[PDB]
Amino acid sequence: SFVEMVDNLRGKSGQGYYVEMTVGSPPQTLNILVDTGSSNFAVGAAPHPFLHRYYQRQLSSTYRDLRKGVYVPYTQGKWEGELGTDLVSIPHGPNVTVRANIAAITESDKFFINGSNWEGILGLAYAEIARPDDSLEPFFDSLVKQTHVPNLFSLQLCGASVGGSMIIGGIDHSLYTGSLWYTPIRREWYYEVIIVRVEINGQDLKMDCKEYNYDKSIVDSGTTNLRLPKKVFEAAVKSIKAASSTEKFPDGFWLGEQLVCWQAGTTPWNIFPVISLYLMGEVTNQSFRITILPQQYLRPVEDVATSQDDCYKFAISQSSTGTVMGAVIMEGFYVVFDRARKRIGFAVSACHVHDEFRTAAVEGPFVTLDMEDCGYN
Ligand SMILES: COCc1cc2cc(c1)C(=O)N[C@H]([C@H](O)CNC1(c3cccc(C(C)C)c3)CC1)Cc1cccc(c1)OCCCCN2
C-alpha cells in the first residue's frame, strides 16, 4: 500500500520539503516540514506574518495540555511553545492515527519562512536530541509504538517547485534503481554515519578520515547544503576552485553569498568536479560510495536581475559542528532510514539528477581498512 505515499512531499526550492498532516479532532490540516535533523514535532499555534494557518488547540476536543514549556534552538532559527498531545494523522501516509507529543509554537525567531507553505516541523531523529529532554517521545517513536507500522521510513527528495516521497513504514522499490547500499547508524541521536574516504573527480582528498567526521557526520533533510568541517571544507573548495579555474568567480560565491550566472543553457557543468563520499559498509573492511554531481551542489536560484539567465548558489558550506549531508546531497538518492536495523540505505533515485556525460551513483563494494578509526571520539 506504499503507492499511496508516493509523491506525498512538496516544497519550494531551498525552503524545505513538507508533508501534509492533520492534528486534532476535528482534523486540522497543516503542512509539516520533514526534518531528519531534529526530533521535536512542533506546529504554529498562534498567528504569525508568515503563517497562513496554525494549530488551534481550543478547537480540538482531543487536545491535552502537558503543562510544560519547550524551546528548540536550531542552527539559526528557534521557537518556543507549550507541550501537549493530540491525535495526528498523515492523509497520504499509513491509515493510522496516533496520539503524539506536539509543541504548540507561540513565539519564534527566524524559524518560519515567508512563502515556504509549511506551518510546523516533524523531527524524525531520535529522542536523545529531543527538547526539553529525551523523555519527550518523538513522533515516529509514538507511531511505531501505537501501530503496526514498521520501524523505518524512506525519503526520495526530488530536485527542481520541488516534490518527493516519504514512505512511512517501508521501502518502495519503484522509487529507485540498482542496489541499496547500507551504512551503520553510528549512534541513535542524529542519524549519525561515518564517512571513510572523500574523492573529488576521483582524486582522494587524502586527509585523516577523522577529519571527515569531526565532530560527527549526519544525514539531515532539514538542512539544504552539504556542510563540511573547516579543514575538509577548505580542501574541497581548493580542489573545486582548481577544477573550475578556467572561469572566474567572486570569492563571496565560495562563501555562499554571491550567486554566479551564465547565459541560459551555457552553464559549464563539465568544469565542476564530482564528489564521492565513501560510507562505512555493513561488513568488515567494506565501504561503498555515493557520487554527487555539480548540479547538486550548485543550487539554482531565481535571478534578481531582469535577465533570465541561469544563476546558482554554491551549496557547500563550512561547518563547525561536523559534516551535514543535507537535502542537496539526498536529492537524486533514495535514502532508507532503517531504524529497526540501525542502518541507512542509499540507492540511485528514480528522480535522479541529469548531467550530460556523468551520473550520480551508489557503488560498491569497496575495501577500506581501519574504518573504525574514522569515527571521532
Ligand atoms: C547553513 O546552515 C543554515 C541552515 C540552513 C537550512 C536549515 C537549517 C540551517 C536548520 O537549522 N535546519 C533545522 C535542522 O533541524 C537542523 N539540524 C541540525 C541541528 C542544529 C542545531 C540544533 C539541532 C537540534 C534541534 C537537534 C539540530 C543538525 C544540523 C530544521 C529547520 C528549522 C527551521 C527552518 C528550516 C529547517 O527551514 C528549512 C529550509 C531551510 C533549510 N536550510
Side-chain angles (χ1 to χ4, degrees), residues 9-19 30-44 48 50-51 70-81 101 103 105 107-134 136 138-140 155 157 159-162 164 185-193 213-230 233 254-257 296-297 299 301 313-331 337 344:
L9 302 188
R10 290 299 181 268
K12 295 185 181 179
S13 185
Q15 301 197 326
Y17 295 84
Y18 59 83
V19 65
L30 300 166
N31 288 332
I32 304 300
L33 176 74
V34 170
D35 183 23
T36 67
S38 71
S39 305
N40 282 83
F41 184 43
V43 300
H48 188 277
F50 300 160
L51 290 179
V70 59
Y71 80 83
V72 174
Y74 305 88
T75 305
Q76 281 146 15
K78 53 178 93 80
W79 55 257
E80 59 182 40
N101 289 315
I105 297 173
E107 294 186 0
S108 64
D109 179 41
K110 301 174 186 174
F111 177 70
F112 299 115
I113 300 173
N114 184 15
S116 76
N117 205 36
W118 53 261
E119 296 88 40
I121 181 166
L122 177 60
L124 288 166
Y126 298 92
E128 191 163 343
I129 60 179
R131 305 303 187 95
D133 56 69
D134 65 7
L136 195 77
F139 173 83
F140 201 84
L155 289 177
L157 307 184
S161 191
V162 300
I185 294 175
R186 186 193 187 197
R187 174 180 158 197
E188 296 160 329
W189 57 329
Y190 305 96
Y191 289 100
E192 186 187 354
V193 300
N213 312 289
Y214 170 69
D215 59 338
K216 59 183 178 297
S217 292
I218 71 176
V219 184
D220 185 358
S221 68
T223 297
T224 290
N225 285 3
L226 172 66
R227 310 189 64 234
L228 297 172
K230 175 184 178 66
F233 174 80
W254 300 109
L255 298 179
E257 306 156 354
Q296 285 166 266
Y297 63 77
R299 186 171 58 90
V301 292
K313 279 183 180 168
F314 191 54
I316 306 178
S317 312
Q318 179 172 338
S319 170
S320 64
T321 58
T323 298
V324 180
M325 290 164 66
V328 304
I329 297 298
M330 296 180 64
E331 286 172 356
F337 296 76
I344 297 176

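Whatever order the structure lists ligands and atoms in, that order sets their numbers, starting from 1. All residue numbers refer to positions in the sequence shown, counting from 1. Below, all heavy atoms of this structure are taken into account, side chains as well, without hydrogens, waters or symmetry copies.
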Next on the checklist: I need the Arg299 CZ to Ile316 CD1 distance, nearest 0.5 Å.
Outcome noted: 12.5 Å

Checklist outcome for this item: Under 4.0 Å between heavy atoms, the region of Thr321 that gets near ligand 1 turns out to be neither

Checklist outcome for this item: Scanning both residues in full, the closest heavy-atom pair of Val162 with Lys12 reads CG2-N, 4.1 Å

Item to check | Distance-only polar pair, side chains of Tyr17 and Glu331, donor-acceptor under 3.5 Å | outcome: yes

Item to check | Region of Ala125 that comes within reach of ligand 1 [heavy atoms, distance under 4.0 Å] | outcome: neither

Item to check | Identity and separation of the nearest protein heavy atom to atom 16 (C) of ligand 1 | outcome: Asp220 OD2, 3.3 Å

Next on the checklist: Considering non-hydrogen atoms of the protein only, which is the closest contact for atom 37 (O) of ligand 1, and what is the distance?
Outcome noted: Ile113 CD1, 3.5 Å

Checklist entry - How far is atom 34 (C) of ligand 1 from its nearest protein heavy atom, and which residue and atom is that? => result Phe111 O, 3.7 Å

Next on the checklist: If I take atom OG from residue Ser221 and atom CG from residue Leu155, how far apart are they, to the nearest 0.5 angstrom?
Outcome noted: 5.5 Å

Checklist entry - Which is closest to atom 1 (C) of ligand 1 in terms of heavy atoms, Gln318, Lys12, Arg227? => result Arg227

Item to check | Minimum-distance protein heavy atom relative to atom 30 (C) of ligand 1 | outcome: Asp35 OD2, 3.4 Å

Checklist entry - In terms of residue, atom name and distance, what is the protein heavy atom nearest to atom 4 (C) of ligand 1? => result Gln76 OE1, 4.3 Å

Checklist outcome for this item: d(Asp35 CG, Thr223 OG1) to nearest 0.5 Å is 7.0 Å

Checklist entry - Would you say the side chains of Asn117 and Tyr18 form a donor-acceptor pair under 3.5 Å? => result yes

Checklist entry - What is the ring orientation for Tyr126 with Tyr191, classed by angle as parallel under 30°, tilted 30 to 60°, or perpendicular over 60°? => result tilted

Checklist entry - What class does the angle between the rings of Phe314 and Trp254 fall in, given that below 30° is parallel, 30 to 60° is tilted and above 60° is perpendicular? => result perpendicular

Next on the checklist: Checking a contact table here: which protein heavy atom is nearest atom 27 (C) of ligand 1, and how many Å away?
Outcome noted: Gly37 O, 3.3 Å

Checklist outcome for this item: Under 4.0 Å between heavy atoms, the region of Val72 that gets near ligand 1 turns out to be side chain

Checklist entry - For ligand 1, which atoms have a heavy atom of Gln15 less than 4.0 angstrom away? => result 38 (C), 39 (C)

Item to check | Considering all heavy atoms, the nearest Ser38-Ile121 contact | outcome: OG-CD1, 4.1 Å

Next on the checklist: Geometry only, no angles: is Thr224 polar-contacting ligand 1 at N/O separations under 3.5 Å?
Outcome noted: yes

Item to check | Contact check, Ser319 vs ligand 1, heavy-atom distance below 4.0 Å | outcome: no

Checklist entry - Which ligand 1 atoms, with their elements, are less than 4.0 angstrom from a heavy-atom of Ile218? => result 28 (C), 29 (C)

Item to check | From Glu107 atom CD to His48 atom NE2, the distance as rounded to the nearest 0.5 Å | outcome: 10.0 Å

Checklist entry - Can you tell me the protein heavy atom closest to atom 7 (C) of ligand 1 and the distance? => result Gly222 O, 3.1 Å

Next on the checklist: Can you name the atoms of ligand 1, numbered from 1 with element, that are less than 4.0 Å from a heavy atom of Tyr190?
Outcome noted: 26 (C), 27 (C), 28 (C)

Checklist entry - Is the closest heavy-atom distance from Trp118 to ligand 1 below 4.0 Å? => result yes

Next on the checklist: Starting from atom 13 (C) of ligand 1, what is the nearest protein heavy atom, named by residue and atom, and what distance separates them?
Outcome noted: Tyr74 CD2, 3.7 Å

Item to check | Test: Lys313 and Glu257 ion pair at under 4.0 Å | outcome: no

Next on the checklist: If the contact criterion is a heavy-atom separation under 4.0 Å, does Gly14 count as touching ligand 1?
Outcome noted: yes

Item to check | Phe111 and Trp118 aromatic ring geometry - parallel, tilted or perpendicular at 30°/60° bounds | outcome: perpendicular

Checklist entry - With atoms numbered from 1 as shown, which atoms in ligand 1 lie under 4.0 angstrom from a non-hydrogen atom of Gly16? => result 39 (C)

